[PDB]
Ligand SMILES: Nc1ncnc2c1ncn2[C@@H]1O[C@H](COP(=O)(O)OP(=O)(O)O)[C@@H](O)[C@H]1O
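Shown next as C-alpha cells: one chain only, the form deposited without the named molecule.
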C-alpha cells in the first residue's frame, strides 16, 4: 500500500500505491486512484492534527502520491483506538458490531511479521525497550487524536469507528505521529446509514472501494477528486 524512499537523515519520501492487501496478505487487488486518495486524505488529517498541537511526521507534498516526511526512530507498535465495536474486538469482548463503547479502548500491537502482530500490554512493551512513560505519552496522544478526528468527522456526517496509528521518536526525543491516516487505516461509517466508507468495503466486498473512498474525500473537501 505504501513505499518509503530515503532522502537523507532528516527526511524521506512516503509514497502511496494503488495496491490493497487484506487478511494477512491472502486477499490482494489494485484500485486505480486509491494511492492518490489515501495520500490526499493523510495530508488533510495531518494538517488538522498539527493545528491542534499534535506532532506528526508530515513535512510536505512532493507531487503525485508522494509525501515528504520526517525520519524517525520508529516504535515497533500499531496503536489502535476504538469508539465503536468492529473488527477484531468482536473476538475479544462479547459485544455486537456497532456497540457504542462507554469510553474509547486503546490497544497496543507489537509489529512483528513472524508473530503475526500480537496484542501486547505495558509489561511486554517494557521488555521491548519502551518505558511506561513512553507508553503513557503514546496513549495520551492517540486519545487526543481520537477526540479531534471524531469531532471533525461527525460534523461531516461520518462516525469514526476505530483507527490505527504508528509513532516514532525524533532527534529531540519527542514522540511523533507517523505512517498514514486514511480509509485504509480507519473505520469510517456514514452517520445516517452506518455503511462502511473504508477498507472494509474491500475486506468484505461491500461495494466499490474507489467509490467509497471518493465519497469520504468529497464529504471532507466539499469537492470531487481530480486525481
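Positions refer to the first chain, counted from 1.
What follows is about the form deposited with the named molecule bound, which we do not show.
With the site C-alphas superimposed, the ligand pose in the deposited complex sets the named molecule onto this chain such that no atom is closer than 2.4 Å to backbone or C-beta atoms; an open site results. Checking 137, 126, 156, 111 for any heavy atom within 4.5 Å of the named molecule in the deposited complex turns up a single hit: 111. Proximity to the named molecule in the deposited complex, taken as a non-hydrogen atom within 4.5 angstroms, holds for one residue of 148, 72, 130, 105, which is 72. Interface residue remark: residue 178 is counted as part of the site for the named molecule in the deposited complex, having a heavy atom within 4.5 Å. The named molecule is not drawn, but in the deposited complex it has no heavy atom within 4.5 Å of residue 66. Taking the partner from elsewhere, residue 190 is found to have every heavy atom lying beyond 4.5 Å of the named molecule in the deposited complex. Though the partner is left out of this view, residue 7 does not reach within 4.5 Å of the named molecule in the deposited complex, counting heavy atoms only.
Counting a residue when any of its non-hydrogen atoms is within 4.5 Å of the named molecule in the deposited complex, the hits in 145-171 run 164, 166.
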